[PDB]
Amino acid sequence: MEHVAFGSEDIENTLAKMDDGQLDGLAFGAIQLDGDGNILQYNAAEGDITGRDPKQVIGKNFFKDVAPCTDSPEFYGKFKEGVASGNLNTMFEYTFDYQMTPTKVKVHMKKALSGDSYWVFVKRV
Ligand SMILES: *C(=O)/C=C/c1ccc(O)cc1
């Protein structure tokens, strides 16, 4: 076995129905979004490094109301491509340095199978 897997234990499935402790003990924050970039879920992993938390970032747009860096052609860019492609599936090396310290993370976002969503999993590096 290797370290925590990015795709990990079928996140999307565990994020549509949640797991034991809402699978918040992962190493990659799992966030969802609804046709606009409105957070649907966030989990405690990423929210534990920055403190965002889901109940707090709930309603906050993860593109401009939570992270002002994801509103670019590399983060929201591949998101506007996956949303218009009908199968969001992209990743990229990003750095969360918003009002805080310099964070590094390998991102991996895909099209949630809940019916039509968009989740961005950030795996701290
Ligand atoms: C860009 O500045 C992103 C910042 C960010 C993303 C995710 C988090 O949990 C915290 C900050």
# chains A, B, ... in the order shown; residues from 1 in each chain; ligands from 1
>>> select_by_dssp(residues="range 21-116 of chain A", states="helix (DSSP H, G or I)", output="ChimeraX atom specification")
/A:44-49,54-57,76-85
>>> residues_near_ligand(ligand="ligand 1", cutoff="7 Å", atoms="only C-alpha atoms and all ligand atoms", output="PyMOL selection string")
chain A and resi 46-47+49-50+52+66-70+95-98
>>> write_last_selection(atoms="N, CA and C atoms", output="short mmCIF file (atom, residue, chain, number, x, y, z; two decimals), in the first residue's frame")
data_model
loop_
_atom_site.label_atom_id
_atom_site.label_comp_id
_atom_site.auth_asym_id
_atom_site.auth_seq_id
_atom_site.Cartn_x
_atom_site.Cartn_y
_atom_site.Cartn_z
N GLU A 46 -8.92 19.98 4.78
CA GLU A 46 -8.45 21.31 4.29
C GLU A 46 -8.90 22.39 5.28
N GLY A 47 -10.12 22.31 5.70
CA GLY A 47 -10.65 23.31 6.67
C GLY A 47 -9.84 23.25 7.97
N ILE A 49 -6.41 22.86 8.03
CA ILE A 49 -5.13 23.57 7.75
C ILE A 49 -5.39 25.08 7.73
N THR A 50 -6.40 25.47 7.01
CA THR A 50 -6.73 26.94 6.91
C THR A 50 -7.80 27.31 7.94
N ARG A 52 -11.09 26.97 7.27
CA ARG A 52 -12.36 27.24 6.54
C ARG A 52 -13.52 26.45 7.14
N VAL A 66 -14.17 32.50 -1.05
CA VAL A 66 -13.38 31.69 -0.09
C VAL A 66 -11.92 31.74 -0.51
N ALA A 67 -11.68 31.51 -1.77
CA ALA A 67 -10.29 31.52 -2.29
C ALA A 67 -10.23 32.44 -3.52
N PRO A 68 -9.63 33.61 -3.38
CA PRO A 68 -9.52 34.57 -4.49
C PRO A 68 -8.48 34.14 -5.53
N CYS A 69 -7.87 33.00 -5.34
CA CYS A 69 -6.86 32.53 -6.33
C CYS A 69 -7.51 31.52 -7.28
N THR A 70 -8.51 30.82 -6.80
CA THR A 70 -9.17 29.80 -7.66
C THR A 70 -10.00 30.49 -8.74
N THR A 95 -1.21 26.82 -4.94
CA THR A 95 -0.61 27.23 -3.64
C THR A 95 -1.61 28.12 -2.89
N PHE A 96 -2.15 27.65 -1.80
CA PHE A 96 -3.13 28.49 -1.05
C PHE A 96 -2.37 29.46 -0.15
N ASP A 97 -2.12 30.65 -0.62
CA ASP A 97 -1.39 31.65 0.20
C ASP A 97 -2.31 32.82 0.50
N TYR A 98 -3.58 32.55 0.63
CA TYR A 98 -4.54 33.64 0.95
C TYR A 98 -4.43 33.94 2.44
#
>>> closest_residue(among="A:54, A:7, A:37, A:86", to="residue 24 in chain A", atoms="only C-alpha atoms")
A:54
>>> residues_around(residues="residue 12 in chain A", least_positions_apart="3", cutoff="10 Å", atoms="only C-alpha atoms", output="PyMOL selection string")
chain A and resi 7-9+15-18+30-32+109-114+117-119+121
>>> write_last_selection(atoms="C-alpha atoms", output="tab-separated table (two decimals), in the first residue's frame")
chain	number	residue	atom	x	y	z
A	7	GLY	CA	-8.65	9.83	-5.65
A	8	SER	CA	-8.58	8.00	-2.31
A	9	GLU	CA	-11.52	5.87	-1.15
A	15	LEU	CA	-19.13	12.92	-0.41
A	16	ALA	CA	-22.66	12.39	-1.76
A	17	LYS	CA	-23.67	10.25	1.24
A	18	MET	CA	-20.81	11.06	3.66
A	30	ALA	CA	-12.92	17.49	-0.41
A	31	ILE	CA	-15.10	20.40	-1.51
A	32	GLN	CA	-18.18	20.41	-3.77
A	109	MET	CA	-11.26	18.17	-9.01
A	110	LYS	CA	-13.89	16.10	-10.89
A	111	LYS	CA	-17.62	16.08	-11.73
A	112	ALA	CA	-19.47	14.92	-8.59
A	113	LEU	CA	-21.86	12.04	-9.39
A	114	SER	CA	-24.54	13.51	-7.10
A	117	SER	CA	-21.81	19.01	-9.27
A	118	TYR	CA	-18.10	19.95	-9.23
A	119	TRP	CA	-15.69	19.01	-6.42
A	121	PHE	CA	-9.99	17.90	-3.69
>>> closest_residue(among="A:108, A:5, A:44, A:92", to="residue 73 in chain A", atoms="only C-alpha atoms")
A:92
>>> atom_distance(atom1="CA of residue 84 in chain A", atom2="CA of residue 65 in chain A")
22.1 Å
>>> select_by_dssp(residues="range 12-83 of chain A", states="strand (DSSP E or B)", output="PyMOL selection string")
chain A and resi 28-31+33-34+38-39+61
>>> write_last_selection(atoms="N, CA, C and O atoms", output="PDB file, in the first residue's frame")
ATOM      1  N   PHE A  28      -6.686  15.017   1.984  1.00  0.00           N
ATOM      2  CA  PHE A  28      -7.030  15.976   0.905  1.00  0.00           C
ATOM      3  C   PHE A  28      -8.417  16.548   1.184  1.00  0.00           C
ATOM      4  O   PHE A  28      -9.399  15.835   1.196  1.00  0.00           O
ATOM      5  N   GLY A  29      -8.517  17.826   1.400  1.00  0.00           N
ATOM      6  CA  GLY A  29      -9.855  18.420   1.661  1.00  0.00           C
ATOM      7  C   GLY A  29     -10.770  18.094   0.487  1.00  0.00           C
ATOM      8  O   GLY A  29     -10.352  18.121  -0.648  1.00  0.00           O
ATOM      9  N   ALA A  30     -12.012  17.794   0.733  1.00  0.00           N
ATOM     10  CA  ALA A  30     -12.917  17.489  -0.407  1.00  0.00           C
ATOM     11  C   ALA A  30     -14.019  18.538  -0.427  1.00  0.00           C
ATOM     12  O   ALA A  30     -14.808  18.641   0.491  1.00  0.00           O
ATOM     13  N   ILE A  31     -14.063  19.340  -1.452  1.00  0.00           N
ATOM     14  CA  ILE A  31     -15.100  20.400  -1.507  1.00  0.00           C
ATOM     15  C   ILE A  31     -16.007  20.179  -2.721  1.00  0.00           C
ATOM     16  O   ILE A  31     -15.590  19.660  -3.732  1.00  0.00           O
ATOM     17  N   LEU A  33     -19.329  21.879  -5.315  1.00  0.00           N
ATOM     18  CA  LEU A  33     -19.783  23.210  -5.796  1.00  0.00           C
ATOM     19  C   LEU A  33     -21.070  23.042  -6.603  1.00  0.00           C
ATOM     20  O   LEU A  33     -21.279  22.032  -7.247  1.00  0.00           O
ATOM     21  N   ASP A  34     -21.927  24.025  -6.594  1.00  0.00           N
ATOM     22  CA  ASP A  34     -23.187  23.912  -7.384  1.00  0.00           C
ATOM     23  C   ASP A  34     -23.233  25.026  -8.428  1.00  0.00           C
ATOM     24  O   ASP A  34     -22.974  26.170  -8.118  1.00  0.00           O
ATOM     25  N   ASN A  38     -20.834  27.530  -5.656  1.00  0.00           N
ATOM     26  CA  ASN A  38     -21.281  27.614  -4.235  1.00  0.00           C
ATOM     27  C   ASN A  38     -20.887  26.324  -3.519  1.00  0.00           C
ATOM     28  O   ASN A  38     -21.239  25.241  -3.936  1.00  0.00           O
ATOM     29  N   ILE A  39     -20.147  26.433  -2.457  1.00  0.00           N
ATOM     30  CA  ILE A  39     -19.703  25.210  -1.728  1.00  0.00           C
ATOM     31  C   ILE A  39     -20.907  24.356  -1.309  1.00  0.00           C
ATOM     32  O   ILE A  39     -21.886  24.843  -0.780  1.00  0.00           O
ATOM     33  N   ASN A  61     -18.767  31.206  -1.894  1.00  0.00           N
ATOM     34  CA  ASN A  61     -18.282  30.694  -3.204  1.00  0.00           C
ATOM     35  C   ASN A  61     -16.814  30.289  -3.055  1.00  0.00           C
ATOM     36  O   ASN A  61     -15.989  31.068  -2.622  1.00  0.00           O
TER      37      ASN A  61
END
>>> atom_distance(atom1="CA of residue 3 in chain A", atom2="CA of residue 22 in chain A")
20.1 Å
>>> closest_residue(among="A:27, A:60, A:43, A:10", to="residue 106 in chain A", atoms="only C-alpha atoms")
A:27
>>> closest_residue(among="A:115, A:102, A:51, A:59", to="residue 36 in chain A", atoms="only C-alpha atoms")
A:59
>>> atom_distance(atom1="CA of residue 72 in chain A", atom2="CA of residue 94 in chain A")
11.2 Å
>>> closest_residue(among="A:40, A:105, A:83, A:45", to="residue 57 in chain A", atoms="only C-alpha atoms")
A:40
